[PDB]
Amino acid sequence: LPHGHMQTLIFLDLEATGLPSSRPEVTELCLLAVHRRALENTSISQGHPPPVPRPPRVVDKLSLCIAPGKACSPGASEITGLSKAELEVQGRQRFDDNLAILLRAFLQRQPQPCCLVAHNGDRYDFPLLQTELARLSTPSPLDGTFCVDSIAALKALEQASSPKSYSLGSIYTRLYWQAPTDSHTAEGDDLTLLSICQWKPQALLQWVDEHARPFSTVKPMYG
């Protein structure tokens, strides 16, 4: 274990103005902080297919809408139900120093070490979040936090279970034979991610501990 046992997993999901090729900006951020004990206490899914796991009783949640500096791409606005104009009309603030202070205080309430988990996080959420934080004078709140990509995790878990798309929805439906709800809301998709990570909680925690890496090593999506 490169960094010991992770005591908190923080499921991260972002909405944004678009895809990496577009130099996107964040428009919504959700964190679900779950203690490793809560994950390892998830009851063993029985049946075929198993029911969607119940979220743990104890889950710290932070869900925020964020005004971007540029317009949302048409597809992004359609699927997320957000737009720059409506966010501004409702007085949503930019990704700013106060937000970094907020994140710091929320992270500080979680037992360490702590590991972010995001779906395709290594190619999307982590680099994007690194870019957003790099714009601020405030030192990054994530410099002591770890991260892993849940696509890699589920590939490993599924591989061990049965020696295929790994999109969030494809996995959820494969595991549970249900359709994800509130797709492309940061909280809806974060909850779906939590559910897939609860499919085999012990195995997931084991993989996370083995593959956690410092968020400080994530390269910004763009400069």
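Numbers follow the displayed sequence, beginning with 1.
- The mean Cα B-factor in the deposited entry runs higher for 135-143 than for the other of 91-99 and 135-143.
- In this crystal structure, the stretch out of 100-108 and 71-79 whose C-alpha atoms carry the higher mean B factor is 71-79.
- For the set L12, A203, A16, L9, the PDB entry puts the maximum C-alpha B factor at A203.
- Considering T42, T27, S195, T173 together, the PDB entry gives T42 the largest C-alpha B factor.
- Per the deposited record, the Cα B-factor of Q46 falls in the highest third when ranked against the other modelled residues of its chain.
- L62 sits in the lowest third of its chain by CA B factor, as recorded in the PDB entry.
- In this PDB entry, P53 carries a Cα temperature factor that places it within the highest third of its chain's modelled residues.
- In this PDB entry, the Cα temperature factor of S161 sits in the top third of its chain's modelled residues, the highest group.
- Among all modelled residues in its chain, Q178 ranks in the highest third by Cα B-factor.
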